[PDB]
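Trainee: Got a structure for you, target_22.pdb, holding PDB, C-alpha atoms.
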ATOM      1  CA  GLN A 325      -9.437  34.486 153.253
ATOM      2  CA  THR A 326      -9.847  37.569 151.050
ATOM      3  CA  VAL A 327      -6.295  38.863 151.533
ATOM      4  CA  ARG A 328      -4.761  35.442 151.033
ATOM      5  CA  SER A 329      -6.984  34.969 147.992
ATOM      6  CA  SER A 330      -5.514  37.989 146.225
ATOM      7  CA  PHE A 331      -1.984  37.250 147.417
ATOM      8  CA  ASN A 332      -2.414  33.720 146.127
ATOM      9  CA  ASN A 333      -4.050  35.078 143.018
ATOM     10  CA  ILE A 334      -1.181  37.392 142.190
ATOM     11  CA  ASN A 335       1.381  34.683 142.910
ATOM     12  CA  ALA A 336      -0.565  32.575 140.455
ATOM     13  CA  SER A 337      -0.953  35.379 137.977
ATOM     14  CA  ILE A 338       2.777  36.047 137.850
ATOM     15  CA  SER A 339       3.275  32.397 136.993
ATOM     16  CA  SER A 340       0.270  32.648 134.705
ATOM     17  CA  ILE A 341       2.088  35.413 132.839
ATOM     18  CA  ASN A 342       5.356  33.472 132.699
ATOM     19  CA  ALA A 343       3.275  30.632 131.330
ATOM     20  CA  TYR A 344       1.614  32.689 128.640
ATOM     21  CA  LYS A 345       4.688  34.802 128.075
ATOM     22  CA  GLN A 346       6.366  31.555 127.103
ATOM     23  CA  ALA A 347       3.270  30.649 125.095
ATOM     24  CA  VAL A 348       3.963  33.738 123.025
ATOM     25  CA  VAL A 349       7.600  32.658 122.642
ATOM     26  CA  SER A 350       6.271  29.270 121.570
ATOM     27  CA  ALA A 351       3.811  30.757 119.113
ATOM     28  CA  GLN A 352       6.202  33.480 117.931
ATOM     29  CA  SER A 353       8.666  30.707 117.233
ATOM     30  CA  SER A 354       5.958  28.689 115.544
ATOM     31  CA  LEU A 355       4.871  31.685 113.471
ATOM     32  CA  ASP A 356       8.435  32.355 112.379
ATOM     33  CA  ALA A 357       8.793  28.694 111.576
ATOM     34  CA  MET A 358       5.903  29.348 109.215
ATOM     35  CA  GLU A 359       7.041  32.658 107.704
ATOM     36  CA  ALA A 360      10.404  31.107 107.016
ATOM     37  CA  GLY A 361       8.599  27.867 106.176
ATOM     38  CA  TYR A 362       6.314  29.614 103.711
ATOM     39  CA  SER A 363       8.915  31.895 102.137
ATOM     40  CA  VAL A 364      10.777  28.785 101.045
ATOM     41  CA  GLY A 365       7.588  26.836 100.452
ATOM     42  CA  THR A 366       7.371  23.894 102.850
ATOM     43  CA  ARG A 367       4.273  25.222 104.661
ATOM     44  CA  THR A 368       1.389  26.988 102.958
ATOM     45  CA  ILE A 369      -0.294  30.298 103.612
ATOM     46  CA  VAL A 370      -3.126  28.746 105.630
ATOM     47  CA  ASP A 371      -0.753  26.821 107.836
ATOM     48  CA  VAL A 372       0.738  30.291 108.313
ATOM     49  CA  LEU A 373      -2.544  31.965 109.183
TER      50      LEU A 373
ATOM     51  CA  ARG B  79      27.304   0.052  55.027
ATOM     52  CA  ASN B  80      28.919   3.481  55.319
ATOM     53  CA  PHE B  81      32.253   3.043  53.596
ATOM     54  CA  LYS B  82      33.593   2.934  50.092
ATOM     55  CA  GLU B  83      35.148  -0.514  49.969
ATOM     56  CA  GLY B  84      38.903  -0.542  49.738
ATOM     57  CA  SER B  85      39.277   3.046  50.903
ATOM     58  CA  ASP B  86      41.254   4.421  53.829
ATOM     59  CA  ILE B  87      39.092   4.700  56.930
ATOM     60  CA  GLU B  88      39.755   7.157  59.725
ATOM     61  CA  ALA B  89      39.493   5.998  63.331
ATOM     62  CA  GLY B  90      36.059   6.311  64.879
ATOM     63  CA  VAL B  91      34.244   6.299  61.524
ATOM     64  CA  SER B  92      30.944   4.507  60.947
ATOM     65  CA  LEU B  93      31.542   1.386  58.912
ATOM     66  CA  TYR B  94      28.119  -0.244  59.102
ATOM     67  CA  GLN B  95      24.986   1.335  60.452
ATOM     68  CA  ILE B  96      23.616  -1.643  62.324
ATOM     69  CA  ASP B  97      19.879  -1.802  63.151
ATOM     70  CA  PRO B  98      19.523   0.217  66.375
ATOM     71  CA  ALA B  99      15.881  -0.597  67.011
ATOM     72  CA  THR B 100      16.533  -2.823  69.987
ATOM     73  CA  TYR B 101      19.343  -0.639  71.293
ATOM     74  CA  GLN B 102      17.767   2.722  70.642
ATOM     75  CA  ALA B 103      14.901   1.286  72.674
ATOM     76  CA  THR B 104      17.185   0.431  75.580
ATOM     77  CA  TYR B 105      18.972   3.773  75.234
ATOM     78  CA  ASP B 106      15.611   5.448  75.604
ATOM     79  CA  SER B 107      14.724   3.099  78.443
ATOM     80  CA  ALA B 108      17.895   4.161  80.184
ATOM     81  CA  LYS B 109      17.395   7.852  79.407
ATOM     82  CA  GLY B 110      13.783   7.412  80.419
ATOM     83  CA  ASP B 111      14.923   5.917  83.685
ATOM     84  CA  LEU B 112      17.554   8.614  83.879
ATOM     85  CA  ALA B 113      14.716  11.105  84.147
ATOM     86  CA  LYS B 114      13.172   8.881  86.796
ATOM     87  CA  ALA B 115      16.368   9.378  88.752
ATOM     88  CA  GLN B 116      16.984  13.062  88.102
ATOM     89  CA  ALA B 117      13.438  14.146  88.638
ATOM     90  CA  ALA B 118      13.434  12.571  92.078
ATOM     91  CA  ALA B 119      16.940  13.894  92.634
ATOM     92  CA  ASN B 120      15.702  17.266  91.554
ATOM     93  CA  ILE B 121      13.268  17.244  94.445
ATOM     94  CA  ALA B 122      15.452  15.751  97.125
ATOM     95  CA  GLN B 123      17.916  18.420  96.041
ATOM     96  CA  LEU B 124      15.221  21.077  96.332
ATOM     97  CA  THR B 125      13.964  19.827  99.663
ATOM     98  CA  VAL B 126      17.400  20.386 101.182
ATOM     99  CA  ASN B 127      17.584  23.877  99.713
ATOM    100  CA  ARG B 128      14.219  24.403 101.375
ATOM    101  CA  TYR B 129      15.666  23.002 104.569
ATOM    102  CA  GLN B 130      19.018  24.823 104.595
ATOM    103  CA  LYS B 131      17.034  28.037 104.679
TER     104      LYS B 131
END
Output the file's structure in the form of structure tokens.

Mentor:
Amino acid sequence: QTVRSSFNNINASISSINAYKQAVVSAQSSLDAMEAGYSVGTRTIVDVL
Amino acid sequence: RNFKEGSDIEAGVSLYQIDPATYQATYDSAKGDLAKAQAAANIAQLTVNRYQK
């Protein structure tokens, strides 16, 4: 149960990374939608931050 | 009246200044509603320039 716990933790935690590695690519896209959206003016500086 | 009577008038010359006070009012109320068009069309222009970027 201990060995299969870690082996089924690391198989989760790879997919956990590829979840939250996409969640960066979401949020890095959403940030750059703000920095381009604030440099032209549609979104404000607090919707940036 | 804006002419010497009996003279020779050029084309496009004012003969009689007619009372403009109900046409100057409409000319302002078109030019007023012009600015109602081209202030909103300022912004819908500027939204697209904020969207093309």

Trainee: Near chain B, meaning an atom within 9 Å, which residues of chain A appear when counting all atoms listed in the file? Write them as a list in words.

Mentor: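 Residues of chain A within 9 Å of chain B, counting all atoms listed in the file: residues 360, 361, 364, 365 and 366 of chain A.
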
Trainee: One decimal, in Å: what's the spacing between CA of residue 95 in chain B and CA of residue 80 in chain B?

Mentor: 6.8 Å

Trainee: Between CA of residue 96 in chain B and CA of residue 84 in chain B, what distance in Å does the model show, to one decimal?

Mentor: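 That distance, rounded to one decimal, is 19.8 Å.
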
Trainee: Go ahead and compute the interatomic distance for CA of residue 372 in chain A and CA of residue 124 in chain B, in Å to one decimal.

Mentor: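 Separation between CA of residue 372 in chain A and CA of residue 124 in chain B: 20.9 Å.
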
Trainee: Using the file's own x, y and z axes, what box holds all listed atoms of range 110-117 of chain B with 8 Å on each side, keeping edges along x, y and z, and what are its centre and edge lengths in Å to one decimal, as lines of an AutoDock Vina configuration file?

Mentor:
center_x = 15.4
center_y = 10.0
center_z = 84.6
size_x = 20.4
size_y = 24.2
size_z = 24.3

Trainee: Report as a PyMOL selection string the full result of the PyMOL selection byres ((chain A and resi 358) around 10) when it is applied to this structure.

Mentor: chain A and resi 352-357+359-373

Trainee: Could I get range 93-117 of chain B rebuilt with N, CA, C and O atoms, written as an mmCIF file, in the coordinates of the input?

Mentor:
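The file below, rebuild_37.cif, is the result:
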data_model
loop_
_atom_site.group_PDB
_atom_site.id
_atom_site.type_symbol
_atom_site.label_atom_id
_atom_site.label_comp_id
_atom_site.auth_asym_id
_atom_site.auth_seq_id
_atom_site.Cartn_x
_atom_site.Cartn_y
_atom_site.Cartn_z
ATOM 1 N N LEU B 93 31.410 2.332 60.006
ATOM 2 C CA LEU B 93 31.542 1.386 58.912
ATOM 3 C C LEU B 93 30.175 0.896 58.474
ATOM 4 O O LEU B 93 29.797 1.037 57.309
ATOM 5 N N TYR B 94 29.424 0.317 59.396
ATOM 6 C CA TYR B 94 28.119 -0.244 59.102
ATOM 7 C C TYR B 94 27.124 0.302 60.099
ATOM 8 O O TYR B 94 27.256 0.051 61.297
ATOM 9 N N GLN B 95 26.131 1.027 59.617
ATOM 10 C CA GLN B 95 24.986 1.335 60.452
ATOM 11 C C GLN B 95 24.254 0.040 60.711
ATOM 12 O O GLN B 95 23.715 -0.564 59.785
ATOM 13 N N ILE B 96 24.271 -0.410 61.948
ATOM 14 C CA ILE B 96 23.616 -1.643 62.324
ATOM 15 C C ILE B 96 22.239 -1.201 62.801
ATOM 16 O O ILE B 96 22.050 -0.036 63.144
ATOM 17 N N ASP B 97 21.247 -2.100 62.725
ATOM 18 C CA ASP B 97 19.879 -1.802 63.151
ATOM 19 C C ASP B 97 19.847 -1.438 64.625
ATOM 20 O O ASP B 97 20.162 -2.277 65.473
ATOM 21 N N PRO B 98 19.492 -0.204 64.973
ATOM 22 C CA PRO B 98 19.523 0.217 66.375
ATOM 23 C C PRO B 98 18.253 -0.078 67.154
ATOM 24 O O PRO B 98 18.202 0.233 68.346
ATOM 25 N N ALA B 99 17.257 -0.701 66.531
ATOM 26 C CA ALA B 99 15.881 -0.597 67.011
ATOM 27 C C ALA B 99 15.655 -1.391 68.290
ATOM 28 O O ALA B 99 14.627 -1.234 68.953
ATOM 29 N N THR B 100 16.585 -2.257 68.651
ATOM 30 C CA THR B 100 16.533 -2.823 69.987
ATOM 31 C C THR B 100 17.621 -2.299 70.892
ATOM 32 O O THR B 100 17.770 -2.804 72.007
ATOM 33 N N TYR B 101 18.364 -1.305 70.452
ATOM 34 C CA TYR B 101 19.343 -0.639 71.293
ATOM 35 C C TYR B 101 18.998 0.812 71.496
ATOM 36 O O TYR B 101 19.235 1.355 72.570
ATOM 37 N N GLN B 102 18.423 1.439 70.473
ATOM 38 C CA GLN B 102 17.767 2.722 70.642
ATOM 39 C C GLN B 102 16.621 2.627 71.634
ATOM 40 O O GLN B 102 16.358 3.580 72.374
ATOM 41 N N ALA B 103 15.955 1.477 71.693
ATOM 42 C CA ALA B 103 14.901 1.286 72.674
ATOM 43 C C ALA B 103 15.470 1.210 74.082
ATOM 44 O O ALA B 103 14.920 1.795 75.017
ATOM 45 N N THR B 104 16.586 0.513 74.255
ATOM 46 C CA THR B 104 17.185 0.431 75.580
ATOM 47 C C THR B 104 17.832 1.753 75.962
ATOM 48 O O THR B 104 17.782 2.166 77.125
ATOM 49 N N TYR B 105 18.396 2.457 74.980
ATOM 50 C CA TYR B 105 18.972 3.773 75.234
ATOM 51 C C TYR B 105 17.910 4.776 75.636
ATOM 52 O O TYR B 105 18.172 5.683 76.429
ATOM 53 N N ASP B 106 16.704 4.638 75.096
ATOM 54 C CA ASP B 106 15.611 5.448 75.604
ATOM 55 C C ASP B 106 15.154 4.950 76.956
ATOM 56 O O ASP B 106 14.804 5.750 77.822
ATOM 57 N N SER B 107 15.192 3.639 77.174
ATOM 58 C CA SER B 107 14.724 3.099 78.443
ATOM 59 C C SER B 107 15.799 3.185 79.512
ATOM 60 O O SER B 107 15.598 2.727 80.639
ATOM 61 N N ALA B 108 16.980 3.678 79.158
ATOM 62 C CA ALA B 108 17.895 4.161 80.184
ATOM 63 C C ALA B 108 17.704 5.653 80.400
ATOM 64 O O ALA B 108 17.615 6.121 81.539
ATOM 65 N N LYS B 109 17.612 6.414 79.307
ATOM 66 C CA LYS B 109 17.395 7.852 79.407
ATOM 67 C C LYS B 109 16.011 8.165 79.957
ATOM 68 O O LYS B 109 15.813 9.208 80.590
ATOM 69 N N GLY B 110 15.050 7.280 79.744
ATOM 70 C CA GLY B 110 13.783 7.412 80.419
ATOM 71 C C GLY B 110 13.954 7.189 81.900
ATOM 72 O O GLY B 110 13.464 7.971 82.712
ATOM 73 N N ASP B 111 14.691 6.149 82.270
ATOM 74 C CA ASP B 111 14.923 5.917 83.685
ATOM 75 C C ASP B 111 16.015 6.804 84.241
ATOM 76 O O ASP B 111 16.202 6.837 85.460
ATOM 77 N N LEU B 112 16.756 7.502 83.388
ATOM 78 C CA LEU B 112 17.554 8.614 83.879
ATOM 79 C C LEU B 112 16.656 9.688 84.447
ATOM 80 O O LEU B 112 16.866 10.159 85.566
ATOM 81 N N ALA B 113 15.622 10.062 83.695
ATOM 82 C CA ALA B 113 14.716 11.105 84.147
ATOM 83 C C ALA B 113 13.873 10.646 85.323
ATOM 84 O O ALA B 113 13.325 11.477 86.041
ATOM 85 N N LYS B 114 13.775 9.340 85.554
ATOM 86 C CA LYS B 114 13.172 8.881 86.796
ATOM 87 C C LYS B 114 14.135 9.085 87.955
ATOM 88 O O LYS B 114 13.714 9.282 89.096
ATOM 89 N N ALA B 115 15.430 9.089 87.679
ATOM 90 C CA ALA B 115 16.368 9.378 88.752
ATOM 91 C C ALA B 115 16.492 10.878 88.976
ATOM 92 O O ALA B 115 16.377 11.353 90.106
ATOM 93 N N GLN B 116 16.718 11.644 87.912
ATOM 94 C CA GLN B 116 16.984 13.062 88.102
ATOM 95 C C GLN B 116 15.735 13.923 88.056
ATOM 96 O O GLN B 116 15.852 15.141 87.909
ATOM 97 N N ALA B 117 14.549 13.339 88.164
ATOM 98 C CA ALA B 117 13.438 14.146 88.638
ATOM 99 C C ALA B 117 13.263 13.975 90.132
ATOM 100 O O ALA B 117 12.913 14.929 90.828
#
